[PDB]
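Novice: mind folding the following:
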Amino acid sequence: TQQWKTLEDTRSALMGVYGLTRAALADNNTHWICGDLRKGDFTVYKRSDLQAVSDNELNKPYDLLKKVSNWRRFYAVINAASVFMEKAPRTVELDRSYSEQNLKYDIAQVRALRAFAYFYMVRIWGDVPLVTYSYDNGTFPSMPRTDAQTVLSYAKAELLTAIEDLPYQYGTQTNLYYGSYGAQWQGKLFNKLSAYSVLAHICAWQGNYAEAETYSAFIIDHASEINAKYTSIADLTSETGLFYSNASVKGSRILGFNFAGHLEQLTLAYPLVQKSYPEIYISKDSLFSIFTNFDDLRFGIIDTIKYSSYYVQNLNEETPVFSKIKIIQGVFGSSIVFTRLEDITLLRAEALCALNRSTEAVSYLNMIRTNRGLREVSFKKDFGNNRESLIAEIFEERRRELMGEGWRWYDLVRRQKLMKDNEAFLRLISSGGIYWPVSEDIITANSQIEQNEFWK
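Specialist: Numbers count the residues shown, from 1 in each chain. For reference, the structure is listed below:
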């Protein structure tokens, strides 16, 4: 049973909240299933269950769909965080080695993780029960789903509170943080900018682009404080690059979760692993539609081996392998990368367009383009000063840059809200068909929980 007598007890509990958060995103490949596969750019080789996700046929009778649709793993994070906040303060009184500052740091992390879990689950299910206190395992509070706006307002306030105590970096050489400091914790612990990144995204998801722009700006302007940088194509895709836990560029994972679920389970095949075919892949037709310029470093120049590019291998075969993420110990070690500077920079561009400041958006778009072999663009010459044309292009840049990082589906929804170029998709948004069904196991056990109308 968890105790709170010593610094080792609080350390273990804190690491447990991180572990639970990783598990929520990684279980059944949730992050990629919900973020990349759903109406995504991946062709499915053979699995009808994966094909149902891709088609948004989330009521089909597949066990995968039922498992992903059960939100328990998110409430596991929320409850563990709530318990930590209730019980950890006592440790300061019990163990002289656990300082008030150590408590403030730990509380801020678990508070931010809880808020992240809420945001993440709101994007998936929409309305979810807003639980703000701990409860016993095997029970769940008897309450309805709470309006998504109310849940996000709670998440925003919690993140702003956490930011007051979250540092940029943890510990010093003279005052270690749980035995390590500075660079040792970069890309491992939730930092002040990690919290700002969640705020920026909550705001963008709500259409509050004024706030999204301010928060994205703050992140970009303070990136050096957490040692976050723009990543080269080689460092993004290397076996020891951004997706590797102990990468030299690890600080560039503004928010992520490391392993001591992986996209590679779905994407890799021979020769990278001994599996004959990939479960999902980007087809040649898709590649040539999405990547329009042969100078694009993501899908252009060879990456050493014959028939390769930086994102894709086996270009001589009918089902090329999406090899961007390839942290191979099969057994994989790839980190979940929720966000990084390129994401936040493109978010800022999106926000600036939303605010009718398209000329300013172009400079941010160009930052990403010019680090990927693409020429600079200009608003008049390349977009005819058309705000919607520029918005569409910012989303194509995200489509390219963040491929396989759990963004595409959410990006399609934010894009649709701005572009309004597909009435069928606008109806899917208004009708709730952009969310997952609630698991019938949850509804049976908790009578106040109502199914999403779209999936009844």
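Novice: mind listing the helices for the stretch 351-456 of the chain?
Specialist: 358-369, 379-383, 387-401, 408-419, 423-430, 440-445 (DSSP state H, counting those that start in this stretch).
Novice: mean neighbour count and distance to residue 280 added to the ones you listed, as a markdown table?
Specialist: Placement of C-beta: from N, CA and C, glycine included. Converted to a markdown table, the helices of the stretch 351-456 of the chain look like this (neighbours: other CB atoms under 10 Å; distance: least, CB to CB, whole Å):
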| stretch | mean neighbour count | distance to residue 280 |
| --- | --- | --- |
| helix 358-369 | 20 | 25 |
| helix 379-383 | 14 | 33 |
| helix 387-401 | 19 | 16 |
| helix 408-419 | 19 | 12 |
| helix 423-430 | 13 | 22 |
| helix 440-445 | 13 | 27 |
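Novice: ok, which of those helices comes nearest residue 305?
Specialist: helix 387-401 (21.6 Å; CB to CB).
Novice: and that closest one, how far out from the chain middle?
Specialist: Here helix 387-401 is found 19 Å from its chain centre; the criterion is CA atoms, centre = their mean, to the nearest Å.
Novice: and what of stretch 239-251?
Specialist: The answer for stretch 239-251 is 17 Å, by CA atoms, centre = their mean.
Novice: in it, what counts as buried?
Specialist: 241, 242, 243, 244, 245, 247, 249, 250, 251 (16 or more other CB atoms under 10 Å).
Novice: spatially nearest residue to the third one, not counting backbone neighbours?
Specialist: With sequence-adjacent residues excluded and distances taken as CB to CB, 6 or more residues apart in numbering, residue 243 is closest to residue 334, at 4.4 Å.
Novice: I figured that neighbour hits residue 324, correct?
Specialist: No. Using CB atoms under 8 Å, residue 334 is not in contact with residue 324; the gap is 10.2 Å.
Novice: number of nearby residues for residue 450?
Specialist: Using other CB atoms under 10 Å, the number of residues around residue 450 comes to 12.
Novice: apart from its chain neighbours, what residue comes closest to it?
Specialist: Nearest to residue 450 is residue 145, by CB to CB, 6+ apart, at 6.3 Å.
Novice: repeat that for residue 79.
Specialist: residue 134 (5.8 Å).
Novice: for that neighbour, helix, strand, or coil?
Specialist: coil (DSSP: H, G, I helix; E, B strand; the rest coil).
Novice: repeat that for residue 2.
Specialist: coil.
Novice: what about the nearest residue to it once chain neighbours are set aside, which helix or strand?
Specialist: Distances taken as CB to CB, 6+ apart place residue 13 nearest to residue 2, at 5.9 Å, with adjacent residues excluded. Using DSSP states H and E, residue 13 sits in helix 7-26.
Novice: could you check how far the helix or strand just after that helix is from the centre of its chain?
Specialist: As assigned by DSSP H and E, the chain's next helix or strand after helix 7-26 is helix 30-32. Helix 30-32 sits 9 Å away from the centroid of its parent chain (CA atoms, centre = their mean).
Novice: got it, and stretch 100-111?
Specialist: 23 Å.
Novice: got the contact list for residue 99?
Specialist: residue 92 (CB atoms under 8 Å, 6 or more residues apart in numbering).
Novice: returning to that earlier point: nearest to residue 309, of the helices of the stretch 351-456 of the chain?
Specialist: The nearest among the helices of the stretch 351-456 of the chain, by CB to CB, is helix 387-401 at 12.3 Å.
Novice: so what touches that closest one?
Specialist: By CB under 8 Å, 6+ apart, helix 387-401 touches 41, 290-291, 296, 298-299, 342-343, 346, 349-350, 353-354, 356, 358, 361-362, 365, 368-369, 372, 377, 379, 383, 407-408, 411-412, 415, 418-419, 421.
Novice: can you tell me which residues contact residue 375?
Specialist: By CB under 8 Å, 6+ apart, the neighbours of residue 375 are 295, 369.
Novice: with residue 332 instead?
Specialist: With CB under 8 Å, 6+ apart, residue 332 has these contacts: 259, 262, 264, 265.
Novice: now it, what are its backbone angles?
Specialist: Phi and psi for residue 332, reported as degrees, to the nearest 10, are phi -120, psi 150.
Novice: same question, residue 256
Specialist: phi -160, psi 180.
Novice: still on that earlier bit, count the residues that sit near the residue nearest to residue 79.
Specialist: With other CB under 10 Å as criterion, residue 134 counts 15.
Novice: that one touches residue 76, doesn't it?
Specialist: No. Residue 134 lies out of contact with residue 76 (CB under 8 Å); the separation is 11.8 Å.
Novice: and the longest helix for this protein?
Specialist: Secondary structure of the chain read by DSSP state H shows that its longest helix is helix 100-125.
Novice: just checking, what packs against that one?
Specialist: For helix 100-125, the packing partners by 3 or more CB pairs under 8 Å, 6 or more residues apart in numbering; DSSP states H and E come out as helix 7-26, helix 72-87, helix 89-94, helix 148-163, helix 192-205.
Novice: show me which residues of that helix are buried.
Specialist: In helix 100-125, the ones that count as buried by 16+ other CB under 10 Å are 102-103, 105-125.
Novice: state the distance from residue 282 to residue 324.
Specialist: Distance, residue 282 to residue 324, by CB to CB, to the nearest Å: 9 Å.
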